[PDB]
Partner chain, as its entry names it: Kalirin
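Take a look at this single chain in structure tokens; it is the form deposited without the partner chain.
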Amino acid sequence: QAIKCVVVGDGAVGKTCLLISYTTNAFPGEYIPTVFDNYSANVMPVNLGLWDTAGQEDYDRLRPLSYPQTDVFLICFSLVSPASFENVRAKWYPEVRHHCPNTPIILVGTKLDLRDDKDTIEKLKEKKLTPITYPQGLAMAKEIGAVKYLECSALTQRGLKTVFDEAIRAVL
């Protein structure tokens, strides 16, 4: 069987690194491929088709062309970017539900390894911000009726497997 999963969220939340680290078992490091592509993993036996998107505003009109026949969406935000997190409810949930009113959503917080990073915490403090905590993410997930809320690091592959196992379980 074949499942189509689309991954959405602001530019730089780690969407492409999440897909390559998951399917490669390696953080692409300093050269992240720039061609927006679709990837695939066979897991048990299911084929998970993983569609990357261009999350920048410039692509607002073209991006939804990859949405038809999506089985499940990953809405990604960076745990160390409250602006990407606010955009879950400002932008991504309304956009996904406008085109796909009944497709299940999974809310994914990314870059978990930076949550307890001194240098990241300090830079956010000077804008009077703090990383998104687990209770905050879970609250957002039930606000938007996400079937599940998960946190992961593409860099350390902590939590990464569960994201896509849960994506498959939202289908089937």
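Rigid core here is just the name for the largest C-alpha set that superposes within 1.5 Å across the two forms. Residue numbers count along the first chain shown, from 1.
Can you count the deposited residues that have no coordinates between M44 and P45 and report it as none, 1 to 3, 4 to 9, or 10 or more?
Missing in between: 4 to 9 residues.
Quick one: say whether 55 to 63 or 23 to 31 has the higher mean Cα B-factor in the deposited entry.
Stretch with the greater average CA B-factor: 23 to 31.
Between 6 to 14 and 152 to 160, which has the higher average C-alpha B-factor in the PDB entry?
On average, C-alpha B-factors are higher across 152 to 160.
Taking the chain's C-alpha temperature factors as the reference, tell me which third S40 falls into: lowest, middle or highest.
Middle third of the chain for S40's C-alpha B-factor.
Ranking the modelled residues of this chain by C-alpha B-factor as given in the entry, is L124 in the lowest, middle or highest third?
Highest third - that is where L124 ends up once the chain's C-alpha B-factors are sorted.
Among all modelled residues of this chain, ranked by Cα B factor, put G109 in the bottom, middle or top third, i.e. lowest, middle or highest.
Ranked within chain, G109 CA B lands in the lowest tercile.
Test of reading the entry: by CA B factor among the chain's modelled residues, which third contains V88?
Within its chain, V88 is a lowest-third residue by C-alpha B-factor, going by the deposited values.
CA B-factor ranking of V96, expressed as a third of its chain:
Tercile = middle for this residue's CA B-factor.
Separately, the form deposited with the partner chain bound exists; it is not shown, and the next lines address it.
Please determine whether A54 contacts the partner chain in the deposited complex, using a 4.5 Å cut-off between heavy atoms.
Because a heavy atom of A54 falls inside 4.5 Å of the partner chain in the deposited complex, the answer is yes.
The partner chain contact in the deposited complex: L62, any heavy atom under 4.5 Å
Looking in the deposited complex, residue contacts with the partner chain include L62, since a heavy atom lies within 4.5 Å.
Report yes if any heavy atom of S40 sits within 4.5 Å of a heavy atom of the partner chain in the deposited complex; otherwise report no.
Answer yes; at least one heavy atom of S40 falls within 4.5 Å of the partner chain in the deposited complex.
Can you check whether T130 is within 4.5 Å of the partner chain in the deposited complex, heavy atom basis?
Outside the cut-off, so no.
Quick one: name the residues from 66 to 104 with any non-hydrogen atom within 4.5 angstroms of the partner chain in the deposited complex.
Contacting residues: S66, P68, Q69.
Cα displacement of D37 between this form and the one not shown reaching 2 Å, rigid core superposed
Yes; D37 is a residue whose C-alpha shifts (by 2 Å or more) between this form and the one not shown when the cores are overlaid.
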